[PDB]
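Contents: one structure, followed by commentary.
Both ligands and their constituent atoms are indexed starting at 1 by order of listing. Side chains are part of it too, since the values below use all heavy atoms of this structure and drop only hydrogens, waters and symmetry mates. Just so we're on the same page: letters track the sequence lines, and every chain starts at 1.
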Protein chains: 4
Amino acid sequence: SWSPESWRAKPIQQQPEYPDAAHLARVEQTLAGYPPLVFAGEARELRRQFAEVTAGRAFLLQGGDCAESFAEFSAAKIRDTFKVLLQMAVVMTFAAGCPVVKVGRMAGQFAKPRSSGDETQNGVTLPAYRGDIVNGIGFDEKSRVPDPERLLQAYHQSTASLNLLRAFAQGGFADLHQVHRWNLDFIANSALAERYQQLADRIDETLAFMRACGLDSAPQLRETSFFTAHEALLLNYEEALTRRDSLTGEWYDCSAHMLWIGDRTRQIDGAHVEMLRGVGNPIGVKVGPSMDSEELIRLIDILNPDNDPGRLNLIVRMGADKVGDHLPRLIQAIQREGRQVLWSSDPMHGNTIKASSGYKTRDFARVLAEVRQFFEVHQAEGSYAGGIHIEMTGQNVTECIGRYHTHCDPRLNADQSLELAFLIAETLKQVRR
Amino acid sequence: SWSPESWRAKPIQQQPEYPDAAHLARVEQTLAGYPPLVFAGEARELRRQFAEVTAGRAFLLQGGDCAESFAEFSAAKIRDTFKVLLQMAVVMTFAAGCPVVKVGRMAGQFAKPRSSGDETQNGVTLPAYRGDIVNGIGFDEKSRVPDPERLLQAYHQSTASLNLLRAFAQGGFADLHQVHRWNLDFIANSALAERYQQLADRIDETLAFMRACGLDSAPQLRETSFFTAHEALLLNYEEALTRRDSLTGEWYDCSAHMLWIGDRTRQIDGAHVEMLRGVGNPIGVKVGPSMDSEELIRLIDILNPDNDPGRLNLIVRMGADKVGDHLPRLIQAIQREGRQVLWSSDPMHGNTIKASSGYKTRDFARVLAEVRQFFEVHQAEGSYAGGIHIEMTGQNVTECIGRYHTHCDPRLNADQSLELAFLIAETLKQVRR
Amino acid sequence: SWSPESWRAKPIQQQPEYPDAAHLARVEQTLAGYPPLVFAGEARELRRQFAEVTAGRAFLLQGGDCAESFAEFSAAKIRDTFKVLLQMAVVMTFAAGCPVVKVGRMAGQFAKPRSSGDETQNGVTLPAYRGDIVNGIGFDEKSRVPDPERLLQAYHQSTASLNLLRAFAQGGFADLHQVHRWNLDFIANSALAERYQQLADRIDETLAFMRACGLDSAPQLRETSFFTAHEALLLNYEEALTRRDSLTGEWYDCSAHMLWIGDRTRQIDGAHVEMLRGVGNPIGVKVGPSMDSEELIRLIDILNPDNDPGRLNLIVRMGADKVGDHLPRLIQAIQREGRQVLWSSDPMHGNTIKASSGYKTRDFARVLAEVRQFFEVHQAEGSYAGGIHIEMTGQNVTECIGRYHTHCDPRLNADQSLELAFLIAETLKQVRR
Amino acid sequence: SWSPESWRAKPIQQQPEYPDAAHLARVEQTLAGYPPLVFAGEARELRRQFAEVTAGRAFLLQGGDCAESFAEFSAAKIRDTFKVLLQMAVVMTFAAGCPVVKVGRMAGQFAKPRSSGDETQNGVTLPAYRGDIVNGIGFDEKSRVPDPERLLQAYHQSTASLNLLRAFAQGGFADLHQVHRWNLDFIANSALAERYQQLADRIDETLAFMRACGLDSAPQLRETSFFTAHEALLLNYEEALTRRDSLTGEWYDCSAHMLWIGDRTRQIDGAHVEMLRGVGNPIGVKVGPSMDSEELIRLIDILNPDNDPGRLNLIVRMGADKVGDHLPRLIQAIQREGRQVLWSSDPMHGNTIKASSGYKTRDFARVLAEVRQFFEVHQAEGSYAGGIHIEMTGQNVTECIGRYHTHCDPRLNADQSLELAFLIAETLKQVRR
Ligand SMILES: [Cl-]
Ligand SMILES: [Cl-]
Ligand SMILES: [Cl-]
Ligand SMILES: [Cl-]
Ligand SMILES: [Cl-]
Ligand SMILES: [Cl-]
Ligand SMILES: [Cl-]
Ligand SMILES: [Cl-]
Ligand SMILES: [Co+2]
Ligand SMILES: [Co+2]
Ligand SMILES: [Co+2]
Ligand SMILES: [Co+2]
């Protein structure tokens with residue numbers, strides 16, 4: 001039997017040490033009384049869409065922040081990241097004739113797993129930065145001592161963000177007639193800004209053709225579906241935002257539409273797996289180089305006993321050198337046991353380089369290589385490359401080569417997100433041809 | 001006051017001399033009791049579409065036979081001519097983002113006007129061939145004496161033809177997924193068969209994009225609208241198929257959706273103008289080089305007193321050398337009097353060459369020249385080039401250079417119809433740009 | 001192996017004796033060159049709809065003439081019979097929330113099977129009247145000698161009829177906003193004209209609600225689907241109108257969408273079964289009291305080898321006293337052999353009374369009794385009462401008690417057709433509840 | 001020239017006195033950097049819908065809290081109030097065939113205007129409670145001293161509320177198939193719970209009929225439009241959430257879709273009118289007994305110079321005894337000057353009784369009387385009764401007879417909201433009949 005708190009009985013990684021247990025309890029509790037970020041019916045809709053992807057009739061586009069922060073909470077940043085998602089989706093949908101399920105790593109992706117539980121600088125040792133939901137980035141005691149009030153600040157930032165995202169998606173910003181205005185200024189001059197300008201003109205032509213045919217009024221051209229997701233890492237936050245569906249009595253984690261378990265917290269006997277095991281959400285698990293096929297099958301027996309094709313997204317993050325060696329054996333076990341999974345590629349988290357400095361780098365070319373290989377590997381085994389899962393930004397920076405080089409990892413910029421979409425689009429077209 | 005027979009009181013051109021008045025009366029009368037080819041509501045729908053064209057929001061595609069015959073009455077011929085119309089319409093609709101109203105010169109276009117009321121061959125003089133509805137093409141007394149039973153044979157051929165055309169249009173033949181199968185074999189190798197193959201692939205892409213967006217089920221992609229038209233020349237036939245709309249009590253000529261008056265029978269005080277003056281159909285008038293602006297205005301006062309923009313299609317057939325000289329003055333009068341008309345180009349009937357032999361020729365290049373000039377002239381005067389009106393065939397012949405060289409005029413073949421559509425499509429795109 | 005003429009090698013019932021074989025051949029042949037009444041894609045659509053009915057997700061409404069005649073060929077009669085079908089369908093569709101497949105016994109139902117191959121009146125013996133497609137109703141040699149020219153007259157009447165029916169169905173007559181105008185004058189005063197007036201007001205309310213919701217423009221409210229059917233009795237006519245689908249190369253009988261075999265011509269080794277065995281149409285077989293379960297299974301092995309749920313409609317005509325005794329054993333065999341069939345009730349042809357006079361009567365109450373029992377019997381066996389199959393008229397007569405009392409059988413009038421629809425509607429609602 | 005702060009230069013009512021100007025400035029400013037509650041395109045959509053109502057083609061349903069509080073911030077309360085709105089709208093839309101524009105007094109309606117700037121209890125005098133956005137309800141210094149941090153708490157409650165409302169409206173809660181589940185438990189037994197149960201069954205029938213017709217998939221049956229509104233009273237909050245539309249450069253108050261000015265703050269030369277004068281939102285003005293026709297016209301010259309029919313909602317709150325005397329003269333001036341306005345009835349704020357105690361009462365019967373009279377008055381003058389504007393709750397209380405009896409006014413309960421909707425629905429049906 002499961003309950004929203006049965007995770008507290010399991011061994012657990014990556015949890016911060018709070019100075020005041022009773023204070024923490026009071027905040028968990030204020031938060032239990034706050035409205036949910038999502039409605040359970042919506043999470044069932046995403047499951048429905050997941051089952052399409054899993055059967056080879058759609059593709060999953062998941063993208064957003066490494067880890068959102070309190071210091072960067074603006075409409076502009078939310079809007080520009082959403083623009084990049086719309087761009088990518090429209091490119092894939094059109095070139096490949098393929099529905100694309102849109103999931104933002106947004107409105108709740110605050111917590112960070114870490115290698116080390118603390119950090120040392122010139123003889124001083126303090127608790128590690130675990131994301132703004134837990135503590136602050138600044139190297140000083142007050143910043144680093146976990147503050148449970150941050151749970152609420154993270155909640156508030158999330159309702160503001162999701163509220164605006166919902167409004168963009170339904171209220172006209174995502175209307176296909178706005179296809180041009182989704183290209184960010186940044187993508188000004190490359191051949192790229194121009195490969196998209198043509199695709200966009202085509203879409204204009206498509207829509208002109210439809211009004212000429214008498215289809216100018218379809219709501220499906222004016223709005224789109226948009227879902228949110230984050231790593232369920234801080235189980236305090238998740239529990240508090242876990243609610244029963246009134247219609248079915250079934251528990252959903254209503255902090256977001258989809259939750260996923262990290263590579264460092266996926267212990268079969270651990271708290272994170274216990275938590276997500278009993279919620280009705282569609283969910284994911286990060287699958288890195290350390291996963292063998294036995295563990296994988298056991299993990300699936302726990303997270304998808306009924307072998308439902310809408311339930312479980314396996315997010316493969318191997319590294320461009322390792323994907324070829326490791327993935328196949330994993331696909332083959334799944335095939336052999338007749339399991340229904342959605343396979344996605346996280347081509348970022350297994351390609352980060354951390355130098356003694358503590359400085360992180362990602363070569364964008366490695367990122368493309370892992371993707372290209374993920375598609376190759378699925379081609380060969382007779383299975384479906386279902387999804388992509390990336391960190392990206394609408395901001396005008398270049399973080400990958402080809403706060404985000406230390407505590408966080410480097411995000412794709414808009415140019416890079418687009419080249420990737422074009423690449424994915426061609427491959428998908430070939431798959432379907 | 002008007003009635004279905006008030007035309008009989010006017011002077012009249014082009015009517016055959018029947019040997020037995022009472023026999024003719026008996027047939028007119030059997031035919032008055034036969035069901036109508038069209039339903040009055042449909043004719044009102046075409047008016048509606050005509051008013052769109054007239055306001056610059058659609059374009060009229062009218063095409064079919066010179067004059068249908070009893071000897072060529074096959075599903076194959078009807079199907080192939082319809083294919084050519086679908087091709088042309090899809091090209092124009094897509095390249096130009098413009099609804100195209102489809103009217104077939106079909107299911108009733110049997111009667112022929114002639115220069116001369118008789119014909120002489122080696123000292124023998126017989127009544128002229130006026131179409132199979134009246135008499136036969138063969139040079140011999142029995143053939144040439146008007147036979148009123150032919151009124152019925154023409155009716156029967158028309159219900160068979162329209163019935164099949166309706167079935168093609170609504171029952172799946174005109175479904176946009178069939179876009180490739182509308183190219184006739186004939187159009188095998190040119191760059192042309194290939195310019196259309198690409199446009200067709202684009203359309204496939206457009207439709208894939210729409211099912212990816214969730215629009216796979218729209219009835220408007222599965223069926224299309226199709227209307228019929230002929231020259232109301234034989235007023236016996238028209239009268240008999242003229243019926244009252246039960247809903248409104250208003251008279252419609254239900255032999256076809258649209259009727260038109262020829263260049264040789266458009267006398268202001270004549271029978272043809274009297275007939276069409278009192279029916280509710282949308283209608284047309286052939287406007288040739290002999291029309292001045294005064295006569296034109298008077299004609300319009302009679303055929304469209306209420307200045308309704310759905311009522312009246314002016315079908316300009318000037319000749320490629322004369323269109324530039326004559327049309328402008330006509331447009332200007334109309335503009336100056338604030339009349340609502342649909343302007344169309346018949347670029348065929350003013351470009352036929354009849355040599356002493358009696359052999360008729362049309363140079364296709366002249367045909368393109370008159371069209372190109374018709375568009376130019378409208379460009380200059382600030383008015384709308386609304387339509388095209390051609391004779392064409394799906395059969396594998398070449399009759400225009402670039403029975404149909406004697407009694408009839410040479411039709412466009414499929415290749416030629418397509419080049420014309422591409423040309424019209426570019427021009428329309430430019431108009432709208 | 002099958003061909004359009006392999007029926008000529010089998011023994012055969014109910015065929016007329018023609019005086020001139022070569023004349024007959026010449027007409028079969030003129031007719032082979034005439035366009036088809038329907039397009040093969042349409043017949044595949046009806047199969048599709050049949051498979052819905054068979055699976056319990058729609059209901060079949062088949063209705064029209066006993067046998068059309070040359071003397072009654074008017075738009076008014078076609079229109080009024082169609083009105084009665086629309087009425088019935090709208091009643092069933094709305095009260096029961098059930099799609100209704102509409103099939104007219106129209107545009108080809110000319111031929112009549114007879115008990116006796118001849119008829120005697122005061123010492124004179126002449127060939128029996130077999131419908132106007134074969135010979136005339138008048139008791140005299142010239143009338144009664146089979147005339148193959150009648151094949152063409154029947155064809156011509158059919159294209160005229162179908163052309164008009166297609167126009168009504170698609171061009172606005174069947175638009176749901178016209179729901180009131182479908183009640184015929186006749187149904188003036190009963191409680192009945194009033195039960196329908198209320199249902200119609202409800203429909204108005206439904207449509208107002210939909211335009212208030214923003215659904216005013218759906219093509220599915222403006223037009224409806226309509227199919228034709230007749231007994232394939234005269235195999236000369238059927239063969240000539242049997243054509244290959246260009247797309248698939250498969251033979252379809254294109255005289256009508258659906259064909260059926262009569263109770264007197266369903267010999268397993270006979271010509272009629274041979275003919276329909278090789279066409280792609282959906283088809284039916286009249287199943288009367290003389291059918292046992294063995295014969296039934298054999299018949300199905302022949303007409304639906306692949307056990308396709310769209311293929312075969314079994315039209316049960318038992319008599320109100322016999323339906324209870326005979327039908328169950330037939331259903332049970334089918335169930336036991338896992339066959340897919342569409343079950344329909346013809347509650348007319350097994351309830352006709354023929355007195356020594358030769359005068360035929362049907363008591364309408366018997367008709368309702370057989371239907372009510374057909375539904376009861378399906379209720380009990382766990383199977384689906386799929387359809388109704390009746391003869392009816394929009395004309396203002398009363399032929400059933402509660403030419404059509406001699407050569408033909410008495411048709412339901414409009415009042416009676418409506419009471420039946422209301423009855424069927426309630427029962428269907430109960431089935432689905 | 002206007003700017004987001006030009007209101008600060010005008011004289012101003014109802015503003016609280018803050019102890020620390022610089023602290024207040026710091027909070028206004030944190031809030032200026034927070035994302036907006038709504039997107040400007042959405043506000044333009046509401047204008048569009050307002051112009052429909054104004055032209056007599058829709059009706060406005062505005063309903064929600066008197067004044068939201070921090071102590072009642074639960075998903076349950078937001079959900080239940082939304083249920084009551086859906087109920088009311090579905091009743092009106094169906095019975096009357098009339099689109100209903102839905103505006104919630106929600107996600108920002110926190111501030112309260114007051115009669116008196118302070119309050120005295122047993123010799124102690126403190127600043128008056130002005131809503132939780134300003135200060136607390138408790139009678140004590142700390143509560144009553146305006147606290148600018150409350151601006152943020154109100155913002156946070158609003159994004160949480162709107163986010164959930166958006167999710168309900170689009171994500172499946174407002175799907176018309178859920179029509180039954182919108183009736184609150186409360187409305188258990190009356191004839192009323194039953195008048196709605198029948199209307200709901202009808203809707204079920206309507207939808208069954210539409211899937212039978214092939215319309216089961218329309219997005220317009222799955223989701224609905226929902227807008228928010230509040231009195232723009234605290235101009236600090238409004239200014240900070242006033243942003244430029246990126247597309248047009250035009251200023252919108254993005255705290256809500258619609259803003260309105262109270263009866264006590266509508267001074268023509270005042271700050272509130274200055275603020276709303278320069279934003280692009282649709283807006284409203286409370287029109288109470290003190291308004292004459294001169295002032296009204298001047299007010300309209302300021303708030304709708306361009307006389308746009310989407311811009312301005314006049315919310316008439318007269319009292320049931322005064323509506324008859326006062327409204328007509330106001331309508332007549334408007335008619336005479338040819339002004340485009342949306343007329344709505346607030347039948348609550350002019351019917352509150354405040355006894356010496358300070359205890360407020362509303363008799364529900366007075367409320368129905370004012371509405372009924374508002375419709376009568378519009379009937380007589382030839383103008384359109386456009387809207388209703390009420391305070392209501394999904395909670396199981398009875399506050400009107402037939403915190404909310406002191407600081408706030410008594411809200412309609414669910415039973416009462418429904419009786420009102422039924423009443424409005426009948427009247428609207430009669431108007432349209
Ligand atoms: Cl503490
Ligand atoms: Cl790290
Ligand atoms: Cl004669
Ligand atoms: Cl000539
Ligand atoms: Cl003979
Ligand atoms: Cl008989
Ligand atoms: Cl202070
Ligand atoms: Cl007060
Ligand atoms: Co990261
Ligand atoms: Co010609
Ligand atoms: Co019969
Ligand atoms: Co109030």
Original post:
Can an N, O or S atom be found in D409(D) less than 2.8 Å away from the Co ion (ligand 12)?
Top reply: no
**OP:** Please assess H23(C) against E149(C) for the test side-chain hydrogen bond (donor to acceptor under 3.5 Å, both in side chains), listing each intermediate value before the final yes or no.
**Re:** CA-CA 9 Å; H23(C) 189 183; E149(C) 296 295 334; 2.9 Å; yes
Original post:
To the nearest 10 degrees, how large is the angle at the Co ion (ligand 12) between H349(D) NE2 and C66(D) SG?
Top reply: 170°
**OP:** Measure from the side-chain N and O atoms of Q373(D) to the backbone N and O of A320(D), and report whether any donor-acceptor pair falls under 3.5 Å.
**Re:** yes
**OP:** May I ask you to test the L152(C)-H156(B) pair for a side-chain heavy-atom distance under 4.5 Å?
**Re:** no
Original post:
Between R8(B) and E239(B), is there a side-chain N and carboxylate O pair less than 4.0 Å apart?
Top reply: yes
Original post:
Which N, O or S atom name in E391(D) marks its closest approach to the Co ion (ligand 12)?
Top reply: OE2
